[PDB]
Amino acid sequence: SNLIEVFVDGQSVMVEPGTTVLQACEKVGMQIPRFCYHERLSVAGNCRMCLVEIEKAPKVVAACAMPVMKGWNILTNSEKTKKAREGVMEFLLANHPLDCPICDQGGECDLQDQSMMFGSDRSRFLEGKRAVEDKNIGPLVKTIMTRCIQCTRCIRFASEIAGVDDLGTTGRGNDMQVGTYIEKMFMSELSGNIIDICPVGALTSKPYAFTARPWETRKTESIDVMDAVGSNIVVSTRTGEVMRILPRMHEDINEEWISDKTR
Amino acid sequence: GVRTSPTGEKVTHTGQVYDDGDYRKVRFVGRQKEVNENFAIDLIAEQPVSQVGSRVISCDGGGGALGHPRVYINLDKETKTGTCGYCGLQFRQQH
Amino acid sequence: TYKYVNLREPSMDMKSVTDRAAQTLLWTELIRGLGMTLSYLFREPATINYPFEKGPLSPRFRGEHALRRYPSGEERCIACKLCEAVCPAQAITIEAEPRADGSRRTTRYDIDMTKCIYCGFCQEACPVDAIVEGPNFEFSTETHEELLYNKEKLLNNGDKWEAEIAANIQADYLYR
Amino acid sequence: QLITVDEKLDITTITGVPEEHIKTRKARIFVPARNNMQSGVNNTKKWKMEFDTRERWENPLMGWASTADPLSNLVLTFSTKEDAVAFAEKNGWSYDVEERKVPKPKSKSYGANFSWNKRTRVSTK
Amino acid sequence: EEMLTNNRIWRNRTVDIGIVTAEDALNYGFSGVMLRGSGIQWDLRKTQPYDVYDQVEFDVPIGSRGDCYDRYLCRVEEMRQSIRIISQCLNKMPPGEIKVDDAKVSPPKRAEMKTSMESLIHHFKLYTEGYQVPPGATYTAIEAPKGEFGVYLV
Amino acid sequence: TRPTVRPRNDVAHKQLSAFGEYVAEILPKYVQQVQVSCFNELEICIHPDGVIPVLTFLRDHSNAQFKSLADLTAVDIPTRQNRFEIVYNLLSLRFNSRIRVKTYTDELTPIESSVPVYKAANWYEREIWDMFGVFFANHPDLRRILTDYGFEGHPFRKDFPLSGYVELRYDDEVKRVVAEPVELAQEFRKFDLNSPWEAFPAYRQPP
Amino acid sequence: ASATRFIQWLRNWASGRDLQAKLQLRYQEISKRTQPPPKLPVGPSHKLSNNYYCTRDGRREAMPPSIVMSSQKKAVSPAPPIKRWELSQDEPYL
Amino acid sequence: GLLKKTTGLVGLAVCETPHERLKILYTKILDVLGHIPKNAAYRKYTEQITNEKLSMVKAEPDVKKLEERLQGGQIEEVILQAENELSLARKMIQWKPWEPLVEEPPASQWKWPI
Amino acid sequence: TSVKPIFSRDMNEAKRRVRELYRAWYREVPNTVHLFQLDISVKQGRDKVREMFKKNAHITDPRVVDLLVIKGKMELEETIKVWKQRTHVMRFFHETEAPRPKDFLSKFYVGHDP
Ligand SMILES: CCCCCCCCCCCCCCCCCC(=O)OC[C@H](COP(=O)(O)OCCN)OC(=O)CCCCCCCCCCCCCCCCC
Ligand code: SF4
Ligand code: SF4
Ligand code: SF4
Ligand code: SF4
Ligand code: FES
Ligand SMILES: [K+]
Ligand SMILES: [Zn+2]
């Protein structure tokens, strides 16, 4: 009854009021590019990778945050949308370090993959890059903060999901730095999940460091026995060896998180 | 430095050495254990630390296009040195 | 356009006919063929005097593999595993971990030289020029097991051949 | 002229598979879970069939991972669950079907970050 | 040719040996010199040109008896035409790049890969995952030296 | 004329589309689908009963004259009820054109042998039987062609393992080559290469 | 190249050619084995402006096949008849 | 025009009386097509292209000029094609492919990719 | 449930083809042992033939039976024409296989395979 009508590339779709442009695209099987947006975190709207053209609107909107209005035609593949993605990806990679061979994220990196699928194929940045100092937040999460793209997923997860207010940004402008400011360890029981939600290799697992690459792991979907919650997990193995433990999405149990002990 | 275990078998730079009672060392009987004696961990520690003037320095490993991808190293932490993640050279901000 | 390789009608004048009768009976075209091999008998043969003389190669030659170093003596390989992923023959096997100083380095680097197709993809994929195919082609062995290289063997190959490897890379890297 | 055949399709006797790897195998029919390291969902579209993991041991010469399982790397792709189940029946494999997991729809509100009186008010941006 | 072409022993071993009619060659699936030996005027470099074959001049040898000797003469004359083409390629070689300037397919230069973030990402991805190819199926063929060589690629 | 993009040839696309509907008009009994690809390749998809009538028409009809069978192969698609797609690639020297004809079958259903239309098909159909197990009816001499004598299974099926089920060696005791269950000193390493991000929107499948 | 004049004459007469002009052994007419460095050109897409990838993306202009007929006026041929080849003027008869 | 000595194709004999042979074969094709229903596209299309070829033969008494007009290679190739067409027309009567589609394919039989 | 037959329209027709194949295999064994100079007896070979026929005695699809007979006939043709070697003929007897115990305990001791 309350459902309004919108269009994705001219295809009609019925959505509830308050649905975002990103969620309307989800219905027809389109996945808008993203970095800051996470469906289990509060909306941020800062990476600007989800910019999409609305037909007849001169300005692209941030799909992750903009609520759809009745009758909108979202153009997910327009020349305007495609140029917005290339421009934003260009800004993301301008100061990003050439770390992929030594970066544990390589091969399962959303920055690599969305650069392949939505960015340009070359650079025109001719300057020196930003370099940021690293920060210790305990024995579980290694931080290479030069790789951070300031998506603020970790900050939002810690505040909303883990209920811990230690992470935040300091400074402003290009020198805005995600961290704790003071020397502090982020030692929650849910801390290890910030590795998963960080789209880049800025936050990675210290125990897992350097040991494998994503393509070569075999994925075994199993269950955790560290407690009685029954968290669903993926056991990554390679050549007969357990390499790491990853969450497996189950809406009715662990959603997409696992405890540190489980991890 | 290459070490010899109490069984006399050389220890590799990866720490591998058949323990006493491992039949697999019979493969070396009448032959030899191929061991590289230029331990890279030792060689890189002999390099002097390079003092620089800026807060950020870049390393491509030397030789331009014959080195490694160019990276940038922050030198704000004065307790430790900035190390190149590719080649292991160390850098220090002079005062 | 096209041409006919065999569509010529021979002339039937008594001179041409008599010329062919002489060819049939006096074997003139078979004698002519003997002239050609006689001429070769008095040509200098093309044989080189191996192993004292070698055949010519180029700086791009794809031979035995070796793991290289930086001038300091540090290994170039950072266990990125790009070579292992691209290897068409799955001839490369790698394991890695943080070194005692935190460096990202391999603890296993095997090349099964009886799987390898000497295609050079691994040295194209390497971003730091760690794994190369050197110029050596004279390393035949008496056992199969001697052709299963581990990291110690490949590092020794790098130290053994680095003087030549560096000079060949210097001559060809501007084409890459 | 068509004939009336009235039995379930069984091709086990004409597939050439050894008896061991029909009766002793357990096939899993499932849609792969999303790799949690990435947000892309394009690897959760198709159904997969995999077989139970068997022993891998270390090669004495080199320490490589040896196997005696001819099906260790066999993975099949299907459009639908029914297509995968139909394939498993005619080949005579015992199978387990896991239902597809679709993310539950969420209600997202940017304006909720600045609530006047609710706990959704964020302390930082 | 001074050893074979006019040699009566060679001609005795090849002339009227393995004759194949033009219609049989087609219906049996023959191609290349196995067609042209029998007189079928057909050469994929002329009729379905690829790369820059439309920009070189060469003749297609054609047989008249469909036997071993004619196929021998066709192959020898094809070698002469190859030299003729090679002379044109040497003279008309243009400058420029050697692989498509599109780093989502062809890898970047090593110097670029070690300097540019985009180049490193694309180099990394091309040598691990490789480039994705749009869904489809093609049968593509060339005039290989032995005949029509093609791939049906899905 | 952008340097890196393959040029599009529309005169051929129209010509192939015209001939495609020409074939469908003449053989409605068997033709199920006709399509032309963006690189200008015409494909006719037919009912398997029409293999001989369709191929004979294409070989003999004055406006077709597809005298040469370039290739005859099969593709295994396990998700389909009829898993085996049979593909005929034909060449017309007269009209300097190519056409692809496709049909389907399953494990237990035969296909009429096209040898009477093209003698080239004799070995192609032996290869399809050997590698996929698709039986061809009234074939002059159907039997394995590529696999070893006594080999069991059809290797090019997607559910046949890459390394097979058995392997050979010489056993000194019995003084002959023997076959034994396959064991590998190093297991083939499966790689998961697919990116989780869609690459080609134009081919997106509706949900 | 070191053969004497008599032997040069003899193998020339026996072969019926002037073998010396086109020796099959290479001497110093070949390129030097040490060459100067190249400086290779760059491609058309090496521009700093007017170079958006979405205007030069071949893979994304590929489209699914056009369905002409799906079972879900003059006669035509697949293409115009091939022209008859003309004989070579370079050398029509070998 | 003087009669050829060779057609250039191995096994394809030179025809002494091409015009008459073509008229015989084209007439036979038209006779065979009379037994196919008037609505069959095979009949309408084959009759049309046949009548155009026959009209050329009746209007061009020179074998060289006629070959140029027919665009089917040597006139002996054209005779062979006429014979092949006549063979097809007889077969089509048994097959009757003008009938409606025998069977629809399964739902996703031709869907690609999966 | 109406499908195209391969040869036999029903099980009774298929079974006749099976017995025709079995007779051919039964008659051929003495020649195979003689021609290949096998050390087995004619009884051992004929027992093996029975064993290969007995393992497929539970089939009730006439099409599956027809394919088995088709593969059996091809299998016999290779033997008669000596396309097979002795190694191929003796692969039916698995002479170098160490017997694999089939009880729970013996399996339990040797490994994890069920
Ligand atoms: C006053 C009255 C006088 C009366 C007497 C007058 C007689 C004079 C005229 C007599 C004729 C002279 C020739 C006699 C020699 C024999 C000629 C001969 O037999 O040649 C024909 C033979 C077959 O050739 P073919 O063309 O294939 O067959 C005919 C086609 N239906 O061709 C062949 O034999 C082919 C041989 C192939 C093998 C050749 C390999 C060796 C060639 C090099 C040897 C050179 C000669 C060496 C002689 C050594 C002497 C010590
Ligand atoms: S985060 Fe991604 S793009 Fe950045 S260095 Fe790591 S793998 Fe490369
Ligand atoms: S550390 Fe990772 S999750 Fe946190 S803001 Fe940076 S990129 Fe985002
Ligand atoms: S040369 Fe080719 S096959 Fe050999 S190790 Fe390198 S990538 Fe693998
Ligand atoms: S040799 Fe090169 S490509 Fe291979 S793992 Fe080491 S750094 Fe990576
Ligand atoms: S996903 Fe919308 S701005 Fe980040
Ligand atoms: K991460
Ligand atoms: Zn460095």
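Any value given below was found using the heavy atoms of this structure, including those in side chains, with hydrogens, waters and symmetry copies removed. Note on naming: letters A, B, ... go to the chains in the order of the sequence lines (proteins, then strands), and numbering restarts at 1 for each one.
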Salt bridge flag under 4.0 Å for residues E108(A) and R244(A): yes
Are the charged groups of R56(D) and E241(A) less than 4.0 angstrom apart, N to O? no
Can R100(I) and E20(D) be counted as an ion pair, charged N to O under 4.0 angstrom? no
Look at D159(F) together with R157(F) and state whether they make a salt bridge at an N to O cut-off of under 4.0 Å. no
Ion pair check, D10(D) and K8(D), cut-off under 4.0 Å: no
Is the number of heavy atoms from other residues, nucleotides or ligands under 6.0 Å of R50(I) CZ greater than 12? no
Mind checking the CG-CG spacing from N232(A) to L246(A)? Nearest 0.5 Å is all I need. 13.0 Å
Run the salt-bridge test on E107(F) and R83(F) with the 4.0 Å N-O cut-off and return the result as yes or no. yes
Write down the atom of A27(D), the atom of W93(D), and the distance for their closest heavy-atom approach. CB-CB, 4.4 Å
Side-chain donor or acceptor of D71(F) paired with backbone N/O of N89(F) under 3.5 Å: no
Salt-bridge test for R28(D) and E98(D): reply yes if a basic N is under 4.0 Å from a carboxylate O, no otherwise. yes
Thinking salt bridges, do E20(I) and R17(I) make one under a 4.0 Å N-O criterion? no
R91(I) and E152(F) ion-paired at < 4.0 Å: no
Can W25(I) and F53(I) be said to form a ring-ring contact (aromatic ring centres under 6.0 Å, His included), step by step? CA-CA 10 Å; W25(I) 263 114; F53(I) 273 76; 8.1 Å; no
Between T67(D), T24(D), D69(D), which is the residue that forms a side chain to side chain donor-acceptor pair (under 3.5 Å) with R54(D)? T24(D)
Electrostatic pair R34(D):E256(A) at N-O distance under 4.0 angstrom: yes
